[PDB]
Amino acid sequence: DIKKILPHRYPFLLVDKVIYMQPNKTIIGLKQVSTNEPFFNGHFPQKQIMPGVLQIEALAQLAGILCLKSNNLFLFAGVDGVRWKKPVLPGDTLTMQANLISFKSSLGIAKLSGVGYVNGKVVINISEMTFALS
C-alpha cells in the first residue's frame, strides 16, 4: 500500500492491496477477511461476519483510490443501489472492483459503480457511489 494519502473517517483501511488499476476507468482490490478483524473492535460473535455497511466502506475506499489516481480531496457524499447477496465470513477473500462512471469537475462530482466477489460469486453490488468537492 502507498495509500495513507487516501482519506477515510472510518478508522481502518479495508483494502489489503490493489491488484489492478486502469486510471479514469477501473480498479480491482482485495481483502482477505481474517478472524482478527480490528473492525469488530475487540467485540465479537460465535459467527463473526463483515457487516454489509463495511462492505460499502471498502468499495468506497477502493473507488476513492481510483479517483485519487485520475489538491484533490474527495468526500463520500452519497451511495445508491446497494444489494447484499451473501454474507462475508472470516476466511473469505473479498475481491472488489470499482468502475469510474463520470467525473465532472464542473460541479466536482464523481460517480462510481462497485461489485464485491467471494470465490467467484457476487456478494454485493453497488449501482452508484458519489464523491466530491473536498
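Residue indices: 1-based, along the sequence shown.
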Chain break class for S70 to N71, judged by how many deposited residues have no coordinates: 4 to 9
Residue stretch of maximal mean CA temperature factor, 91-99 vs 35-43: 35-43
Segment of higher mean CA temperature factor, 52-60 or 26-34: 26-34
Identity of residue with top Cα B-factor, from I65, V82, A77, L107: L107
